[PDB]
Amino acid sequence: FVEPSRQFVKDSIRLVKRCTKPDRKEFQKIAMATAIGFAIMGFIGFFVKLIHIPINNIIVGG
Amino acid sequence: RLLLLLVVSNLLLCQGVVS
Amino acid sequence: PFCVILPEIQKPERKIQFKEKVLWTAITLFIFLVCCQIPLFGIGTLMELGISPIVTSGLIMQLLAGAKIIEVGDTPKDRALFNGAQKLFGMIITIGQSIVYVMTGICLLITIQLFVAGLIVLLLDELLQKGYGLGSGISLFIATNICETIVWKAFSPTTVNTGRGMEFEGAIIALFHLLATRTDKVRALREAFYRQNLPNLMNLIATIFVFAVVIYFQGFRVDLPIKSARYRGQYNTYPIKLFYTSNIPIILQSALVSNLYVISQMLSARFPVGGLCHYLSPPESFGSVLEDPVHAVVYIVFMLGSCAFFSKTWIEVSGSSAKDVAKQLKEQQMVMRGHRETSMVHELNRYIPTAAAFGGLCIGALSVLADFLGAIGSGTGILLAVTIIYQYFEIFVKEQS
């Protein structure tokens with residue numbers, strides 16, 4: 001029991017020291033890039049809803 | 001390979017629990 | 001004979017410039033979110049099924065490809081009989097889902113339009129896959145997430161539901177309206193057990209926090225040198241990424257082991273909301289041990305185990321093993337800088353296995369941060385946004401160059 005785990009952990013503790021790992025210049029890429037999607041999506045997802053609430057019974061003004 | 005057939009049999013239920 | 005019947009998009013007559021390719025996505029992205037409202041003709045939207053039926057059949061045909069029931073060929077002919085077959089499974093599966101979505105609970109009209117809705121996106125998909133950087137099956141998973149995120153995060157519906165409030169009745173309750181009134185006296189929010197439920201805005205910064213830790217692990221990769229044959233010292237790389245498996249099928253297994261476990265208790269009554277589900281699924285109590293310790297111990301380890309187990313099996317099917325990658329490279333005439341071909345297997349094998357699993361074991365614990373945090377995404381697929389986000393920006397840089 002558990003003897004494989006002490007080798008699993010040691011084998012998996014390798015690839016973390018081996019891996020590249022980012023630093024802020026790449027950390028900033030992905031941070032900036034999060035802002036990109038955000039700004040394009042919204043607009044429509046708000047147009048969609050305004051058409052339907054005042055057609056069945058007027059309660060907003062659209 | 002038994003465990004692999006069970007994986008395919010699991011995956012098939014993904015399409016059954018879309019509903 | 002079937003592949004010839006169905007339509008495909010023309011490969012563009014020549015090269016296309018990025019201003020055009022970007023304006024093709026304004027089109028498809030406008031049209032998807034136009035499709036994600038309009039309700040079907042039941043006397044609810046058009047995008048009810050989505051791309052998930054095509055994706056999942058993609059996975060079923062990829063596991064039929066990988067399990068070696070049907071043969072796979074890197075040669076273009078066996079691919080030419082398969083790439084149409086896959087799209088045909090994508091065409092049938094949306095008809096199957098047209099039946100399956102309705103049957104569980106006017107019909108045929110609705111099935112025709114769900115079929116058409118699934119069909120249109122399958123072409124809109126392929127449009128982007130030729131006249132844009134990146135596909136589409138992907139794109140929609142962004143599109144229908146970041147919107148839901150920002151709506152549920154900084155739209156006015158705190159008024160009702162779990163989503164913000166901290167009021168026993170109606171009152172005035174919008175995400176920004178409470179930020180004006182909570183500043184005057186006490187916030188009430190500190191490092192403690194708390195009233196529970198409360199609002200979601202405080203959760204929100206947590207949802208940004210797992211966002212901001214996911215990005216870190218989306219960098220994490222191992223590099224293996226790759227100089228092709230027949231070209232003096234041209235240093236291509238091959239990345240083995242820490243996550244790997246895109247950790248998509250693992251969470252699908254996480255859902256499947258919940259779907260087989262929770263139905264077979266309802267099968268046993270014909271021949272328990274308490275006992276059976278009280279040890280498997282989580283408490284969804286904010287705290288660590290809480291009143292019941294045994295609920296907290298069984299939920300975690302089993303998920304991180306069963307997620308990992310399924311990862312290490314996935315690789316034995318969908319190529320992406322030691323043995324297969326090598327083939328894949330050997331085909332396109334690539335090699336390690338100083339090794340005989342066969343050795344490749346060995347020299348990269350010791351990277352794959354670990355990864356396959358350790359990704360899983362990092363995603364099981366990331367479902368745990370997401371569930372324990374009660375984050376606004378409330379799921380592992382925050383990851384999925386950033387994966388794609390990274391991919392998109394990189395194209396913007398490619399086309400900038």
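Note: ideal-geometry Cβ built from the backbone for every residue, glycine included; neighbour counts use all protein chains shown. Just so you know, all these numbers are worked out from the coordinates, no wet-lab data involved.
The mean count of C-beta atoms from other chains within 10 Å of the C-beta of residues in A:13-25, rounded to a whole number, is 5.
Can you give me the Rg/Rh ratio for segment C:89-224, using Cα atoms for both radii and the Kirkwood formula for Rh?
Working: Rg = 21.9 Å, Rh = 19.5 Å.
Expressed as Rg/Rh, it is 1.12.
Each stretch of four or more DSSP H residues adds -39500 (n - 2.57); spread over every residue of chain C, this sum gives -19500 deg cm²/dmol at 222 nm.
Phi angles of segment A:37-54 translate, via the Karplus equation with coefficients 6.51, -1.76, 1.60 and θ = phi - 60°, into HN-Hα couplings of x, 2, 5, 8, 6, x, 1, 5, x, 9, 4, 3, 7, 5, 6, 9, 5, x Hz per residue; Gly and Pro are given as x.
Diffusion coefficient (Stokes-Einstein, Kirkwood radius over C-alpha pairs, 37 °C, 0.692 mPa s) for the protein assembly as shown: 129 µm²/s, rounded to a whole number.
Counting pairs of Cα atoms in chain A, how many percent are more than 17 Å apart?
Working: 1342 of 1891 pairs.
Tail fraction, whole percent: 71.
Under 18 Å of direct C-alpha separation, and excluding same-chain neighbours fewer than eight residues apart, C:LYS15 reaches these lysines: C:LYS130, C:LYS398. The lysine pair tally for chain A, using Cα distances under 24 Å and a gap of 8 or more places or different chains, is 4.
For segment C:276-290, the Karplus equation 6.51 cos²θ - 1.76 cosθ + 1.60, evaluated at θ = phi - 60°, returns couplings of 6, 6, 5, 9, 6, 5, x, x, 6, 9, 2, x, 6, 7, 6 Hz by residue, with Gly and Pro reported as x. Three principal axis extents of segment C:68-123 based on alpha-carbon atoms, in descending order, are 47, 24, 12 Å. Using only Cα coordinates, the Kirkwood hydrodynamic radius of chain C works out to 24.7 Å.
Judged by the mean number of other Cβ atoms found within 10 Å, the most tightly packed of the peptides C:60-67, C:304-311, C:72-79 leads the ranking C:304-311, C:60-67, C:72-79.
Can you give the average number of partner chain beta-carbon atoms within 10 Å of each beta-carbon in peptide C:240-250, as a whole number?
Numbers: counts 3, 2, 6, 0, 0, 0, 0, 0, 0, 4, 0.
For peptide C:240-250, the averaged partner shielding equals 1.
In whole Å, what is the distance between the alpha-carbon centres of segment C:326-401 and segment C:34-88? The distance from the Cα centre of segment C:326-401 to that of segment C:34-88 comes to 22 Å. Applying 1/(1 + (r/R0)^6) with r as the Cβ-Cβ distance of C:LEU369 and A:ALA35 and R0 = 22 angstrom yields a FRET efficiency of 0.45. The mean number of partner chain beta-carbon atoms within 10 angstrom of a residue's beta-carbon across peptide C:142-155 is 4. When C:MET303, C:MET334, C:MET266 are sorted by how many other C-beta atoms sit within 10 angstrom of their C-beta, beginning with the fewest, the order is C:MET266, C:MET334, C:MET303. As a rough guide to protection, the peptides C:174-187, A:7-20, C:245-258 ranked by mean Cβ packing within 10 Å, highest first, stand as C:245-258, A:7-20, C:174-187.
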